[PDB]
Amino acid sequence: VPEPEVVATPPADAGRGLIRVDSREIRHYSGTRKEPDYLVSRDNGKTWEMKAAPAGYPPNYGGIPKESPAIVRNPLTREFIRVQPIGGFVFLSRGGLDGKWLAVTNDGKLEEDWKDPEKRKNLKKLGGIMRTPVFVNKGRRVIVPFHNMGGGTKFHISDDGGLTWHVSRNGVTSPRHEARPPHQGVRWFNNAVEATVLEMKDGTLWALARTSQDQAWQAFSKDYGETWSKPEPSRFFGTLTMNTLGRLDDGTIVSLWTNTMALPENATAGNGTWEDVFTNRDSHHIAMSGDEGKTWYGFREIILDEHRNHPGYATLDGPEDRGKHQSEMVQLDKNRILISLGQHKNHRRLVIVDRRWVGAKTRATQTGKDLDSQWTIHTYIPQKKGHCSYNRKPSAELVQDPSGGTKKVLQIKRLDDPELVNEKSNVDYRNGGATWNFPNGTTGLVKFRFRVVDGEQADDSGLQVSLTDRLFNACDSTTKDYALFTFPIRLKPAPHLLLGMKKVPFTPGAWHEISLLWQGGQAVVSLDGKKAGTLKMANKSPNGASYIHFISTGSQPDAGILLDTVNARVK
């Protein structure tokens, strides 16, 4: 069963503009300010080329150059509706995407002659930053989520195919972040923004929205979007990144999001009215549910950002926002889904994912072979660069296997690098680390092979090992406080595992295997095939474990430990 496959770079940041035309043709429109165009696949998503749009397709009067308008098919008429991410007009098609297009007027009529500037003055303009129109109530209503500068998500609502519009009575909100430890400042405040909506089988609507909390928040509507329930945390971890929900032909729900935890806010973060830095946008994830969201599986990494370790990350080809957050999906066939994801022309991708891969129960890795594609190891140079970015370094390096032979293995240690410190922001990212994804499970077995490096060690040198339910940065020493299960490997006074107050010795100069067998609220730890002790769950999870996280613990430069293989099996 195939791993995720990159097939192209979309012509706009992801999240809007991907649209199926027929059984073989799929398009991704653009935000171009010039003659409209689109990226097109004519082989159901495998290969792609740019094409100019025909003369009757409207230019982008609103929007912005890096974002396409949203294009959605009306399920009753099979025509299309188009809205921009911001500004511009409401366009409806007659005769398809390459047919005639009409703009909605303020008086509920349709305007054919929209290339006349004077006639554009009386066209309907929907306010706010908009996401994707969705058709609900047996196709008879269309809703467009939007947010303004402060009051949270609300919905533009039309009951006549988009000709006339009103606003929902309420929408979705979420609370402000508080500067409590480990935070030294406030996260940029987003009040339940950038919502995705799904119609559930019982007619209820589910809205899932981006927040300043550790997870997306959600609300539900029983009246097709007019009114919404009290907002609550969702099961999808992530902060200040976008969620997308969709449904496959057979009823299966798909959730796409960036399943990450940002580094704690530092001492120069503002009052929350603006963002200082993004440290959580270098991955994208997928989970699925076959039972209307009662249970979920997957939580797999679709892709890691190829540039994530780079010391020029923030400023290569301009300073604008980049990464793997934002996404849109189109099903290709029973087993395959096409996803557009990310921001910036060097980071944006179109990727094909297989559902059988989402449902897999095992994964294995060797650091020397798989570092580039599978391992998050970057630390940050904590100096603001570009638009809300930091440049990076790899925090851990491959070295020869001390035993001999051809394996390269990962050295995880406390770095001697003053560039990873910012005194005024009061942050220090010199502890190297590494983290790796596997399919989600509430029960599982993970095994890893490690060795103490033969050299000088500090008094607190070692490795904190954590099982987590989202991706924590390699250099984040607070991971243990949020982990499902966690324990330290200590190198001094002599090497040992610490399980509670139990010390379990092991030898230097030799490879060792540790296994973690978890079930419910307990994890059994084994060393070289012998039971070593049992760990109580530190944090409950709505989902289960889907990452193992390793971080050095030394406070002075040390030699650290080597990491070779990791294997996971879940049930």
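Numbers follow the displayed sequence, beginning with 1.
A.B. asks: Name the higher of the two by mean Cα B-factor in the PDB entry, 291-299 versus 253-261.
C.D. replies: Between 253-261 and 291-299, it is 291-299 that shows the higher mean C-alpha B-factor.
A.B. asks: Looking only at CA atoms, which has the higher mean B factor in the entry: 529-537 or 64-72?
C.D. replies: The entry gives the higher C-alpha B-factor average to 529-537.
A.B. asks: Comparing recorded Cα B-factors across 328, 107, 481, 275, which one is largest?
C.D. replies: That would be 107.
A.B. asks: Between 333, 454, 354, 306, let me know which has the highest C-alpha B-factor in the entry?
C.D. replies: 454 has the highest C-alpha B-factor of those listed.
A.B. asks: Sort the modelled residues of this chain by their C-alpha B factor and say whether residue 552 lands in the lowest, middle or highest third.
C.D. replies: CA B-factor rank for residue 552: lowest third.
A.B. asks: Consider only the C-alpha atoms of the modelled residues in this chain, order them by B-factor as the entry records it, and name the third containing residue 226: lowest, middle or highest.
C.D. replies: Answer is highest: the recorded C-alpha B-factor places it there.
A.B. asks: So where's residue 85 on the chain's Cα temperature factor ranking, which third?
C.D. replies: For residue 85, whose C-alpha B-factor we compare with every modelled residue in the chain, the answer is the middle third.
A.B. asks: With respect to C-alpha B-factor, does residue 7 fall in the lowest, middle or highest third of the chain as deposited?
C.D. replies: It falls in the bottom third of the chain.
A.B. asks: Which third, lowest, middle or highest, does the CA B-factor of residue 470 fall in along this chain?
C.D. replies: Its C-alpha B-factor, which the entry lists for residue 470, ranks in the lowest third among residues of this chain.
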